[PDB]
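Peer 1: I am sharing run.txt, which consists of compact mmCIF, N, CA and C atoms:
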# COMPACT_ATOMS: atom_id res chain seq x y z
N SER A 1 0.04 11.23 -0.75
CA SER A 1 0.30 10.10 -1.64
C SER A 1 1.61 10.30 -2.41
N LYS A 2 2.49 9.32 -2.32
CA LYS A 2 3.78 9.39 -3.00
C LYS A 2 4.35 7.99 -3.23
N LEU A 3 3.72 7.23 -4.12
CA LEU A 3 4.17 5.88 -4.42
C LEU A 3 4.58 5.76 -5.89
N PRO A 4 5.42 4.76 -6.19
CA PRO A 4 5.91 4.51 -7.54
C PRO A 4 4.81 3.99 -8.47
N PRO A 5 5.13 3.89 -9.77
CA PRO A 5 4.18 3.40 -10.77
C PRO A 5 3.89 1.91 -10.63
N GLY A 6 2.65 1.58 -10.30
CA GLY A 6 2.26 0.19 -10.14
C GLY A 6 1.68 -0.10 -8.77
N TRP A 7 2.04 0.74 -7.79
CA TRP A 7 1.55 0.57 -6.43
C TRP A 7 0.34 1.46 -6.17
N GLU A 8 -0.53 1.02 -5.26
CA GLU A 8 -1.73 1.78 -4.92
C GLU A 8 -1.83 1.99 -3.42
N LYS A 9 -1.77 3.25 -2.99
CA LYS A 9 -1.86 3.59 -1.58
C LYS A 9 -3.31 3.52 -1.09
N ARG A 10 -3.56 2.63 -0.13
CA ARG A 10 -4.90 2.47 0.42
C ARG A 10 -4.91 2.77 1.92
N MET A 11 -6.11 2.92 2.47
CA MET A 11 -6.26 3.21 3.89
C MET A 11 -7.26 2.26 4.54
N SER A 12 -6.97 1.84 5.77
CA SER A 12 -7.85 0.93 6.49
C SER A 12 -8.53 1.64 7.66
N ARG A 13 -9.79 2.00 7.46
CA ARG A 13 -10.56 2.68 8.50
C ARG A 13 -10.69 1.81 9.74
N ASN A 14 -11.52 2.26 10.68
CA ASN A 14 -11.74 1.52 11.92
C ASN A 14 -10.52 1.61 12.84
N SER A 15 -9.41 1.03 12.40
CA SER A 15 -8.18 1.04 13.18
C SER A 15 -7.32 2.24 12.80
N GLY A 16 -7.46 2.70 11.56
CA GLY A 16 -6.69 3.84 11.09
C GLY A 16 -5.24 3.48 10.83
N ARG A 17 -5.02 2.50 9.96
CA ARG A 17 -3.67 2.07 9.62
C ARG A 17 -3.44 2.12 8.12
N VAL A 18 -2.23 2.50 7.72
CA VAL A 18 -1.89 2.59 6.30
C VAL A 18 -1.37 1.26 5.78
N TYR A 19 -1.82 0.88 4.59
CA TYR A 19 -1.40 -0.37 3.97
C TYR A 19 -1.34 -0.24 2.45
N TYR A 20 -0.26 -0.75 1.87
CA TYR A 20 -0.08 -0.70 0.42
C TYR A 20 -0.46 -2.02 -0.23
N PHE A 21 -0.90 -1.95 -1.49
CA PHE A 21 -1.30 -3.14 -2.22
C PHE A 21 -0.81 -3.07 -3.67
N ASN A 22 0.03 -4.04 -4.05
CA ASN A 22 0.57 -4.09 -5.40
C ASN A 22 -0.33 -4.92 -6.31
N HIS A 23 -0.85 -4.29 -7.36
CA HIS A 23 -1.72 -4.97 -8.31
C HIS A 23 -0.90 -5.75 -9.33
N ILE A 24 0.42 -5.69 -9.20
CA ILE A 24 1.31 -6.39 -10.12
C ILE A 24 1.77 -7.72 -9.53
N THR A 25 2.09 -7.71 -8.24
CA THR A 25 2.54 -8.91 -7.55
C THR A 25 1.57 -9.31 -6.45
N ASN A 26 0.43 -8.63 -6.39
CA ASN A 26 -0.58 -8.92 -5.38
C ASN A 26 0.06 -9.06 -4.00
N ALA A 27 1.16 -8.36 -3.79
CA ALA A 27 1.87 -8.41 -2.52
C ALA A 27 1.41 -7.28 -1.59
N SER A 28 1.45 -7.53 -0.29
CA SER A 28 1.04 -6.54 0.69
C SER A 28 2.10 -6.37 1.77
N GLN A 29 2.51 -5.12 2.01
CA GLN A 29 3.52 -4.83 3.01
C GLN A 29 3.04 -3.74 3.96
N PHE A 30 3.91 -3.33 4.88
CA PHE A 30 3.57 -2.30 5.85
C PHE A 30 4.67 -1.24 5.93
N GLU A 31 5.34 -1.01 4.80
CA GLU A 31 6.42 -0.03 4.75
C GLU A 31 6.53 0.57 3.35
N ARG A 32 7.28 1.67 3.24
CA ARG A 32 7.47 2.34 1.96
C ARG A 32 8.08 1.40 0.93
N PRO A 33 7.28 1.04 -0.09
CA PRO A 33 7.72 0.14 -1.16
C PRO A 33 8.76 0.78 -2.07
N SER A 34 9.95 0.19 -2.11
CA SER A 34 11.03 0.71 -2.94
C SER A 34 11.38 -0.28 -4.05
N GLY A 35 11.83 0.26 -5.18
CA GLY A 35 12.19 -0.58 -6.31
C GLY A 35 12.73 0.21 -7.48
Rewrite the structure from the file as structure tokens, please.
Peer 2:
Amino acid sequence: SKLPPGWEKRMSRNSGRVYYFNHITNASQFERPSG
């Protein structure tokens, strides 16, 4: 785990894929969130 303040690193079982979720902008991406 190595994300900035505000982001939450989550994991999606079954398929085994990494996905991030921002509780500030409720945005979802598939890459290292920079800011």
Peer 1: Give me the residues near residue 7 in chain A as a list in words, where near means some atom within 12 Å (using only C-alpha atoms) and where sequence neighbours in that chain fewer than 5 positions away do not count.
Peer 2: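 Once the adjacent positions are removed, what remains is residues 1, 2, 19, 20, 21, 22, 23, 24, 25, 26, 27, 28, 29, 32, 33, 34 and 35 of chain A.
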Peer 1: Quote the spacing between CA of residue 30 in chain A and atom C of residue 16 in chain A in Å to one decimal place.
Peer 2: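 Spanning CA of residue 30 in chain A to atom C of residue 16 in chain A is a straight-line distance of 11.7 Å.
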Peer 1: Pick out each residue of chain A that DSSP on the backbone tags as strand (DSSP E); I need them as a VMD selection string.
Peer 2: chain A and resid 7 to 12 17 to 22 28 to 29
Peer 1: In Å to one decimal, how far is CA of residue 18 in chain A from atom N of residue 4 in chain A?
Peer 2: 14.6 Å
